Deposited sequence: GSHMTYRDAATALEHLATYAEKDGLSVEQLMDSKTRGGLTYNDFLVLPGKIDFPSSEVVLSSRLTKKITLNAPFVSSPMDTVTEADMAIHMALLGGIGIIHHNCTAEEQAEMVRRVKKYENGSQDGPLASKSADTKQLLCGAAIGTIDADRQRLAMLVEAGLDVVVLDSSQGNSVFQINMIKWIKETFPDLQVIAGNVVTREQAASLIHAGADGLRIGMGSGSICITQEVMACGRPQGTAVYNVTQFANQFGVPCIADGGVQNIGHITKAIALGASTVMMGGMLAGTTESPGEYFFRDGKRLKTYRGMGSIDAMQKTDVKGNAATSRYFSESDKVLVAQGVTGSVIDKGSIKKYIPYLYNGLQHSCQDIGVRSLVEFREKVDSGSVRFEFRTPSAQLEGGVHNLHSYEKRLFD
């Protein structure tokens, strides 16, 4: 004797809980590739998915995409086009204060729908990174004069007295300026910098494609676990967090947001693009140099926390960011959420479900058992 098909939806009530795991059940020491999001119910087109995201307490973007402050990723060209496509760029500071201020000016003075713009002047939004030593106070002053919208305090370990004092000084001196503090990977770190007055947090330590901090400092955290534990705390204070490092595809972006991130920062993915700094070279493939700011070369302009490498040409971000945007829309559709806001609410309520992945399951999830294969878009 079999059950009547008409009672199929009702019979779900006989189960203790929904299939798969809630986020809390899921979250030891795992990262993005160690799990999946289970599909939900589709009753809308992907084009309907809204990807509006909080960068800081006062700044909201139309897309959760942020380009990393690295000298092989983000200068004026990257910051301009990232802003035009609904994200934002963080200009690096491996350069003179004069040079950095000039790059900010190029972004703010640029003229030509989802574009990231200031509410008042309708100029493109621009971010910039700085250190937390005394000399950077002057550097920031020059950046602010150039029209800086948001500053990122750049550090591998942001929970320091130096950064705390810098944050306090900025809020007091430049109250209209949004401050993103970091990097952090623990609840205690986040509380410290939130208490200091941070407008946003940057999450990650060692997860970068070119980073080896975990190998030389023995210090860091798996990215997935870091994002979850930090945001679970920080979101209670309305402090948006950037998931920074270890993002290589659309799936990582979805998972980063699922675990509590408001935006995601990318370095390696955008490194090979036309708009990134540095020239192309052949090896017979078209490559661009991509290096950690803690590498000997970058610091040269000593203990290295990063390495110098190369990545394949990815083409222009004018096609690559839309690919990520459309992809994330389709990802949200499969999960059954119409916005990142809804996605956040559904996850915390336990409606969105997750599943672990054994090493075998991970291999199964990718390409396998082929003689050869070639195309993301």
Exercise for the section: Show which contiguous pieces of the deposited sequence have no C-alpha coordinates, counting from residue 1. Expected result: 1-4, 32-36, 122-126, 298, 317-335, 409, 413
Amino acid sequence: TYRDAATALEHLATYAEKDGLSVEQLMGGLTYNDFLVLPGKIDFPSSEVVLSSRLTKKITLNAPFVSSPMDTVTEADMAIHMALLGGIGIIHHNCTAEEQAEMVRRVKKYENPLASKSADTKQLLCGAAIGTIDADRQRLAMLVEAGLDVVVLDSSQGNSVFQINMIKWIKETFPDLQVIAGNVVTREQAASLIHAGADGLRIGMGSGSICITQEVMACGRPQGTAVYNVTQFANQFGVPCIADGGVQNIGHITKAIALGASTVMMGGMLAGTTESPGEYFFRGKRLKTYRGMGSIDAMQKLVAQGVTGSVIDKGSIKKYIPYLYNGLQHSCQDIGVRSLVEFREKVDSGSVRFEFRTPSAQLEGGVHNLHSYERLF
From here on, numbers count along this sequence of modelled residues.
Practice task
Please confirm whether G245, modelled here, goes without coordinates in at least one third of the other compared entries that cover both its neighbours.
Solution key: no
Handout entry: Unresolved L36 in a third or more of other entries flanked by modelled residues
Key = no
Practice task
Mind pulling up the entry and telling me whether 50-58 or 304-312 has the higher mean Cα temperature factor?
Solution key: 304-312
Completion exercise
Comparing mean C-alpha B factor in the record for 288-296 and 233-241, the higher one is 288-296
Fill in the blank from the handout: Comparing C-alpha B-factors across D199, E188, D134, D154 in this entry, the winner is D134
Fill in the blank from the handout: One of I203, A271, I90, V179 has the largest Cα B-factor in the entry, namely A271
Handout entry: Assigned third (lowest, middle, highest) for the C-alpha B factor of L114
Key = highest
Exercise for the section: Can you work out whether the C-alpha temperature factor of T263 puts it in the lowest, middle or highest third of the chain? Expected result: lowest
Practice task
Going by the recorded CA B-factors, say which third of the chain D43 sits in, lowest, middle or highest.
Solution key: lowest
Problem - Entry-reported Cα temperature factor of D34, expressed as the chain third it lands in - result: middle
Handout entry: Assigned third (lowest, middle, highest) for the C-alpha B factor of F162
Key = middle
